[PDB]
């Protein structure tokens, strides 16, 4: 029922630069959304659950903005170690859904 | 806690395999949910099917995983996934997602297991 | 409640008898229409608004009511038409760890206009020095998270509230209610009423073959003499019952 | 606070009828059984001028 | 969206309406009786706009007025659908009807129409670019030597979109054929303009021999004759010529020899003459406003 897209597919900002990834849903999912980041050869970990609350063990730079249909993750700073792929999950209605997870968006940090 | 996977090996097309997710240090409680996900070698994550660890299993399936896959709980710390008629595109890396809320579906996943790789060849 | 969902209902018949098993322990106190006669009623516009608020905050969903939910989360217009439904959901929206996933707007520059939604996550400035992205003193996050406490009374428990707004034109109607039907009786003097067409006569089999779009049947006297049954597509003759003067 | 008006009643009064009953109003599913808890309210309310 | 620059500019062709533009006004049943009704009807023997398509590419945007009569001499089903709206962009919600190879597509949505909407074996649909806020959708059975005559009447009263259709095998031929009411749409948007939709064969692109006619409805009074079956067979315009007016007054199709009174002749005034005196009672506002010093 709910189809979710993640854009842009590829991003590249300087180490002191800022990059933002927005997650859009076909219809409104209110507050139900999560952010996941995986390193190569490693399962992803939860970053921003409920689209605003920060996770445990994660730097404060990870955050969340927007609600309803459009959700944006703003990166205030990278340190050449956060270059990975970010996914967003709908976690709202999974009765008949092809995939709760959103599209892939890898981050490239040019140090 | 760990959710190390099992049952991953080379499989012929149009066959069946048994992947086992085993919990360590905890049992499959009713108040908290478990789910199953897999990751293709080249693209992002996907959800296929999973069941709740409660008294009444609220089993939930994906659109593209409607009937090919079968998941059931065999013990309090052992859950298995069965798929049949495996095709060339079914190769991926399978993970055992651990949910945090029992809202009849995959909610926020706080813990994942190391995962297993399942591939197809002839 | 701050990011309340909005739903459109139209082109369908509304059955209100189902809303006892799906929503037990519900309160149907509402405004603008008699709750009982909603079954035989037609609505042209229907809006559905659903969210979760605390038990002490359920009273705030009323026209002309002020409060935390009203001013900053969901404001109702003074001339609100439509009804609200609220039922307890402790068995569903309560967690042993805590229902921390529901958030509401707590700090806001001004009271919300009726039927408005605010999803802003900017840091609220309650002092003189600008926050500049810092959430310290005099700079609080506008959204707080519900901490439902089922141990206390119903006022500290998750309440699921569904707000329905109508307009009641009952002329270009797209949402109405059932009216049921009775089995057909023929060849006798009968009080009939077909889709609001009340009349008295003898209902007999009709030989006429009027077209599929064609519904009624008129006569020279400009009165309905032929009718097609809505339940079953059949042709009936309406003939006034036998009469005459007595001398 | 000495003036009271009925707030809860099963059905509308017929013309020229007086209702003096003080029976507790059952506004929910569970019977009140004399308790004034949730969905169990006193039918008469007092004026607050 | 592909811009078409192969259009040949030409003034529109014209032809007589003859005896077309009749539809059943209601869903009631009358047989072997004459009834007179007042409704938006196409005037008899009017001059309608004729477009010819072949390298003739006629895809203009015509005003809707109070109603539109659509007819088209067709073979191989060149005409596909119609586009309805006011601004013909995403600013205002518009309407779309297309009868593709499988079904008919009914959608009302804030479309963003291509500048040159058309269709292209047919598997290339380029008639719009986006749809923003959709309200109603519907899918039903497909509607469908010159051998096909299709008549369509589109109306918009009380937020309802009425469509009347008739399929006939055969310029406009002489005859009579009433139009049944096909589908009613409870949409409730106002329509001021429209544009038809065509299909183009690609080999450049080749357009077959077909044409379509556009008529405009007007509020008139008609007298209609129902046969014993229950269908309309003949109708008489009540304001065309004095002879037909006499038939309408007598409520009969044959008028016996004699003299009859029909109506009144009145000369309509066309100017307004207001006469009032040379008002010269100017109030002392000059002293009040233009005073150099005002009071405290």
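By written order: A, B, C, D and E. Residues from 1 in each chain.
Everything that follows uses one rule, which is that contacts are C-beta pairs under 8 Å (C-beta built on N, C-alpha and C of every residue); 3 or more make two chains touch, one makes a residue touch a chain.
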| item | value |
| --- | --- |
| Closest chain to global C-alpha mean, per-chain Cα centroids | C |
| Taking each chain's C-alpha mean as its centre, the one farthest from chain C | B |
| Contact pairs, highest-scoring chain pair | A-B |
| Distance between chain centroids, defined by C-alpha means - chain B, chain D (Å) | 57 |
| Centre-to-centre distance between chain B and chain A (centres being mean Cα positions), rounded to whole Å | 23 |
| Geometric centre distance via CA averages, chain C-chain A, whole Å | 36 |
| Cα-centroid distance, chain B relative to chain C, in whole angstrom | 41 |
| Set of chain B residues in contact with two or more other chains | none |
| Shared interface positions of chain A, touching two or more other chains | 50 |
| Listing of all chain pairs that touch each other, if any do | A-B, A-C, B-C, C-D, C-E |
| Parts of chain C lying in touch with chain D, wherever the complex brings them together | 24-25, 27, 153-154 |
| Residue numbers on chain B that touch chain C, as the complex places them | 31, 100-101 |
| Residue numbers on chain D that touch chain C, as the complex places them | 27-29, 38-39 |
| Residues of chain A touching chain C in the complex | 28, 30-32, 50, 52-53, 64-68 |
| Complex interface listing, chain B residues touching chain A | 37, 43-47, 60, 62-64, 95, 105-110, 112-115 |
